[PDB]
Amino acid sequence: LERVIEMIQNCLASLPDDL
Amino acid sequence: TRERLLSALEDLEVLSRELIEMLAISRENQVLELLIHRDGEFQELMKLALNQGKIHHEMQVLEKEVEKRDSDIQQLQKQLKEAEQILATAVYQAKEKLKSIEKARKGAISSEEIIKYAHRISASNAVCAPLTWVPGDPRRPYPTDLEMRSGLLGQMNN
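Same order as they appear, the protein sequences are chains G and D. Taken in order, the first sequence gives residues 157 to 175; the numbers are from the entry's author numbering. Taken in order, the second sequence gives residues 26 to 52, 62 to 192; the numbers are from the entry's author numbering.
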């Protein structure tokens with residue numbers, strides 16, 4: 157669960173960096 | 026618009042040639067005035083062509099932005115998919131153990147009843163074989179012919 161959470165987080169951390 | 030441009034081109038070409046040629050063979063104001071009209075309309079179409087070239091350059095920049103946003107969308111998608119798959123297998127194995135726990139919740143017996151029933155099931159070898167067994171030994175994990183022929187079922191009806 158923790159890994160999935162941080163995975164989602166870093167992908168969200170990627171997306172404004174595309175924006 | 027290329028078709029209209031090229032038709033105006035070839036029309037202007039050979040009809041202006043005709044005007045020149047009738048001047049040459051003389052030594062026609064109506065087809066002159068129409069040549070004037072064709073020349074003006076051709077220049078207007080060339081101006082529209084330069085404007086549409088500007089439009090196409092804008093479109094090229096715009097579709098480059100399209101492809102960049104598509105790549106951003108897909109890079110969200112694939113990583114969200116792999117997170118989805120890992121969490122799916124995790125919750126699946128967890129729901130397997132939860133199903134087994136919920137089956138265990140349905141049946142709850144006192145311990146001495148389990149011990150007593152285990153004694154009745156394995157005092158004589160009914161569910162687990164005797165330790166020194168060779169084929170041809172009479173005892174079996176089913177009722178057996180003698181217990182059937184000597185029970186109430188075989189005797190009391192017959």
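We treat Cβ as the ideally placed atom computed from N, Cα and C, and that holds for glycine.
Residues bridged to residue i [DSSP beta-bridge criterion]
i         : result
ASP171(D) : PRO169(D)
N-terminal and C-terminal residue of the alpha helix (DSSP H) that residue i is part of
i         : result
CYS167(G) : 158–174
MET182(D) : 179–183
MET190(D) : Counting along the chain, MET190(D) falls outside any alpha helix (DSSP H), and DSSP gives it neither H nor E.
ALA124(D) : 63–140
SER51(D)  : 27–51
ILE155(D) : 145–156
Contact list for residue i against chain G, beta-carbon separation under 8 Å
i         : result
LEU114(D) : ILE164, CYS167
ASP179(D) : Residues of chain G passing the Cβ test: none, with the nearest at roughly 59 Å.
Chain B within 7 Å of residue i, Cβ atoms only
i         : result
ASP174(G) : Protein chains G and D are contained in the structure displayed, whereas chain B is not.
Contact list for residue i against chain G, beta-carbon separation under 9 Å
i        : result
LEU96(D) : The premise fails here: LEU96(D) is roughly 17 Å from chain G at the closest Cβ pair, so nothing lies under 9 Å.
Own chain residues within Cβ distance below 8 Å of residue i, not counting five before or after
i        : result
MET47(D) : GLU62
Own chain partners of residue i with C-beta closer than 7 Å, once the 5 adjacent residues on each side are dropped
i             : result
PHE76(D)      : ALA33, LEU37
residue 61(D) : Between 52 and 62 the numbering of chain D has a gap, and residue 61(D) falls inside it, with no coordinates.
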